[PDB]
Q: 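Structure in structure tokens, see below.
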2 protein chains.
Amino acid sequence: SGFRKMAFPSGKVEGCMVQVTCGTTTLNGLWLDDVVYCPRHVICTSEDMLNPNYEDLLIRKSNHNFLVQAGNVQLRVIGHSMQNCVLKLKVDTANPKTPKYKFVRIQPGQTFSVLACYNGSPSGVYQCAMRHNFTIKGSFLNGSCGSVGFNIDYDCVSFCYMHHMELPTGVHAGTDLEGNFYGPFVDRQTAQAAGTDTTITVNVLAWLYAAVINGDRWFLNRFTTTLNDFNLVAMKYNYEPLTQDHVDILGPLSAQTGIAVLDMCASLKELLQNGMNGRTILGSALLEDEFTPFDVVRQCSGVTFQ
Amino acid sequence: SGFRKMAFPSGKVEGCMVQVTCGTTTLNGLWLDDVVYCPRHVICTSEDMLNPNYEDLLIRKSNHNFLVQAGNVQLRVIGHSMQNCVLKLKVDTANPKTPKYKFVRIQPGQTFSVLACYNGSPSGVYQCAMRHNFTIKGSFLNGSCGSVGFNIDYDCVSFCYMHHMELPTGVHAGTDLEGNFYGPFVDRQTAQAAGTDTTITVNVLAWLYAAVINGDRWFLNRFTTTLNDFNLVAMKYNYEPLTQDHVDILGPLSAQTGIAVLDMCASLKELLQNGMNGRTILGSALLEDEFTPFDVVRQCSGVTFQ
Ligand SMILES: *[C@H](O)[C@H](C[C@@H]1CCNC1=O)NC(=O)[C@H](CC(C)C)NC(=O)OCc1ccccc1
Ligand SMILES: *[C@H](O)[C@H](C[C@@H]1CCNC1=O)NC(=O)[C@H](CC(C)C)NC(=O)OCc1ccccc1
């Protein structure tokens with residue numbers, strides 16, 4: 001028993017991280033087969049960051065201007081192209097450590113592990129969620145761009161995120177591996193607004209099920225509710241409206257615990273309206289929303305990877 | 001910016017995990033050079049767990065009774081011995097993936113990454129602290145024993161923990177890699193008492209410095225205090241007494257932030273006496289104590305590993 005914010009094992013991704021330097025700017029790239037993916041802002045100078053014309057900037061760049069380093073070994077760049085906000089640097093050597101992989105664009109509420117890197121070397125690994133305002137709450141310093149977010153299913157790495165920037169609120173924004181930003185964000189140094197940060201209701205519910213499984217049950221109350229009645233309380237607390245799909249997704253945890261989804265909704269309503277009265281649930285003094293139903297089953301049933 | 005419970009990258013340790021089976025019991029072993037380390041309870045049956053005589057049980061065991069599997073490949077066991085609560089299974093093949101490593105016995109308040117494994121395969125990675133009562137707050141199911149806790153300094157893996165058991169309180173106990181338990185715990189299925197769980201004061205202070213660095217400053221107040229005056233308030237809230245060594249350890253964060261350690265103590269005193277009034281510090285609604293001063297500098301300055 002016990003419940004922790006658990007990241008995927010990072011080894012398969014560690015073997016894909018390289019360093020990409022263009023002039024004075026150094027960041028991280030992802031080396032899959034004979035291609036290195038990195039943020040296109042690698043080509044920017046301190047001047048260029050306010051309002052870069054990425055097309056004009058890139059024209060002044062040839063293959064030999066991209067220094068690509070795997071450990072202490074230099075890769076030879078034989079091609080380069082821009083896809084949305086990422087560069088694809090074609091190298092003459094296939095990564096011998098390429099795992100089975102997919103590029104996936106994930107949905108708000110879904111979670112992933114981040115391998116934070118500097119100069120193509122791993123610093124650390126942590127779990128994040130794509131929030132409803134298409135931000136993540138990460139830990140990123142200068143040089144961290146090109147750090148990736150991923151899931152593992154068995155032996156397959158699903159890359160969903162590449163790090164590009166930090167907003168005024170101290171939260172983080174980036175792209176899928178096709179270089180399309182999550183949310184309305186653009187890769188230029190201008191004040192950009194994350195909108196309302198709504199709580200991922202289905203994920204809070206998942207986590208209350210995790211708590212019940214681990215013997216933390218104080219908050220189970222005597223009431224039930226309806227989707228429409230629960231959602232009136234959700235709107236007030238900036239919670240995502242609960243839908244029958246969410247109820248269906250919680251079906252296995254509901255069936256495992258014998259606690260009906262709408263009875264757990266009723267418990268959640270009283271926690272939102274009454275607070276926690278100085279108590280904790282799974283060692284937490286607020287309602288956690290960065291565990292999916294899948295994450296809870298995965299953690300509470302010991303699912304493993306290659 | 002931003003601050004997360006960050007684990008070390010796990011790849012170097014992933015390549016050391018094997019599966020160890022003795023009769024019907026399967027758990028994880030650590031394969032370093034030509035030696036596999038695992039919990040000695042691998043030799044127990046369901047009967048044996050209440051009051052095992054480990055010496056008598058082991059006598060009925062030969063090399064060929066220990067099935068050691070690295071992925072889908074069988075290792076040949078050419079020797080076996082008990083060291084305290086671990087078995088060392090000598091194999092005829094040196095692990096080709098052995099990293100540079102040390103066995104360290106860590107001190108309460110120190111933190112480490114756990115690679116939770118089942119059947120010798122990684123499930124996930126998370127950060128833990130050795131608590132003052134020599135327990136950890138992990139996530140462990142049946143089959144997780146032999147999972148290890150570690151730190152990385154550059155290219156060297158320092159193994160500090162091997163998982164053996166869960167107490168009534170839902171917290172976790174285990175050994176160093178010499179097989180000596182942290183705390184008074186023994187490897188038998190009997191109600192065992194973790195004592196008072198004191199908060200790691202120096203670690204709370206470290207985390208308040210992390211908060212100030214990341215722009216969360218609401219809790220900085222107008223007061224200072226003395227070690228003796230602070231510690232009177234610590235004892236009441238079951239906080240570890242603060243010492244000049246702790247003050248010295250916080251010296252770099254104090255010097256970086258220009259907030260004197262005893263002024264931060266005064267801020268901590270008011271948080272303990274007044275609570276947080278429904279506010280958060282670095283997204284947390286309680287005082288976090290599983291970040292060391294080193295962890296804070298490491299995270300806030302981007303220290304990387306091989
Ligand atoms: C990529 O290495 C870098 C990551 C930033 C640096 C601080 N925290 C992060 O997440 N990205 C940028 O510097 C980005 C570049 C533009 C061309 C998009 N600009 C940015 O994020 O501006 C905010 C900022 C910069 C430096 C320190 C703190 C915030
Ligand atoms: C090692 O695989 C296993 C880990 C336990 C299982 C549940 N959570 C854990 O951390 N250790 C044991 O089963 C241990 C064996 C003795 C010979 C020391 N006994 C134990 O931890 O008893 C408590 C327990 C067992 C099963 C489920 C929940 C609690």
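So you know, we letter chains A, B, ... as the sequences are listed, proteins then strands, and number each from 1. Basis for what follows: all heavy atoms, side chains included, without hydrogens, waters or symmetry-related copies. Each ligand, and each atom within it, is numbered from 1 in the order the structure gives.
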Q: Could you work out, with ring pair (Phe, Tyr, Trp, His ring centres under 6.0 Å) as the rule, every residue matching A:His132, not counting sequence neighbours?
A: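 Result, ring pair (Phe, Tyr, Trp, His ring centres under 6.0 Å) vs A:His132: none returned.
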Q: Does ligand 1 have any N/O pairs with the protein under 3.5 Å, and how far apart?
A:
unit_1   : atom_1 : unit_2   : atom_2 : d
ligand 1 : 2 (O)  : A:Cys145 : N      : 3.2
ligand 1 : 8 (N)  : A:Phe140 : O      : 3.2
ligand 1 : 8 (N)  : A:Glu166 : OE1    : 3.0
ligand 1 : 10 (O) : A:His163 : NE2    : 2.8
ligand 1 : 11 (N) : A:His164 : O      : 2.9
ligand 1 : 21 (O) : A:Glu166 : N      : 3.0

Q: With a cut-off of 6.0 Å (strictly less than), are more than 12 heavy atoms of other residues, nucleotides or ligands near CZ of B:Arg105?
A: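 Buried by this count: over 12 neighbours within 6.0 Å.
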Q: Show every ring-ring contact (aromatic ring centres under 6.0 Å, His included) that has at least one partner inside residues 174-197 of chain B, sequence neighbours left out.
A: B:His164-B:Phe181
Q: Could you walk me through whether B:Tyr161 and B:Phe150 pass ring-ring contact (aromatic ring centres under 6.0 Å, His included), step by step?
A: CA-CA 7 Å; B:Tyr161 184 76; B:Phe150 60 105; over 10 Å; no
Q: Once salt bridge (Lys or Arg N to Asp or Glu O under 4.0 Å) is applied, do any residues pair with A:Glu14, and if so which ones, sequence neighbours excluded?
A: none
Q: Where does the angle between the aromatic ring planes of A:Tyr37 and A:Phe103 fall among parallel (under 30°), tilted (30 to 60°) and perpendicular (over 60°)?
A: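 Perpendicular.
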